[PDB]
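>>> Once you've seen the sequence and the experimental structure below, I've got questions.
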There are 2 protein chains.
Amino acid sequence: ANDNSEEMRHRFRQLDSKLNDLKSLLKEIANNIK
Amino acid sequence: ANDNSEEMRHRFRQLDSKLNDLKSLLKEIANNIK
């Protein structure tokens, strides 16, 4: 019993984690300027 | 024997490479300001 939904799902989680890291960095620098 | 998992997979790799390039640019400019 094998499926490829979970691996592309985990790719979605890791790219979403990268997006969340970029959002944290952008909000951090956006408060660092002003 | 053909599958469409690899092409969407390679799309995920190239968009993740673009995300990694954006992360490098954001960390670079974030160190360039301060």
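Thanks, I have it. Residues are numbered from 1 along each chain as shown, chains lettered A, B, ... in the order given.

>>> Which residues of chain A lie near chain B?
Residues of chain A lying close to chain B (C-beta under 8 Å from any C-beta of the partner chain) are A:4, A:8, A:11, A:14-15, A:18-19, A:21-22, A:25-26, A:28-29, A:32-33. (Each C-beta comes from the backbone N, C-alpha and C, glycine too.)

>>> Of those residues, keep whichever come out buried.
Among these, those buried by neighbour count (16 or more other C-beta atoms under 10 Å in any protein chain shown) are A:11, A:25.

>>> Among the residues of chain A next to chain B, which pair sits farthest apart?
Spatial extent of these (C-beta to C-beta) is set by the pair A:4 and A:33 at 43.5 Å.

>>> Report the secondary structure element holding residue A:32.
If you go by DSSP states H and E, residue A:32 is part of helix A:5-33.

>>> Would you mind getting the angle between that helix and helix B:5-33?
20 degrees (axes from the mean of the first three to the mean of the last three C-alpha atoms, to 10 degrees).

>>> From the chain's centroid, how far away is helix A:5-33?
Taking C-alpha atoms, centre = their mean, to the nearest Å, one finds the center of helix A:5-33 at 3 Å from the center of the full chain.

>>> tell me what that helix is packed against?
If you count contacts as 3 or more C-beta pairs under 8 Å, 6 or more residues apart in numbering or on different chains; DSSP states H and E, helix A:5-33 packs onto helix B:5-33.

>>> neighbours around residue A:9, how many?
When neighbours are defined as other C-beta atoms under 10 Å in any protein chain shown, residue A:9 has 11 of them.
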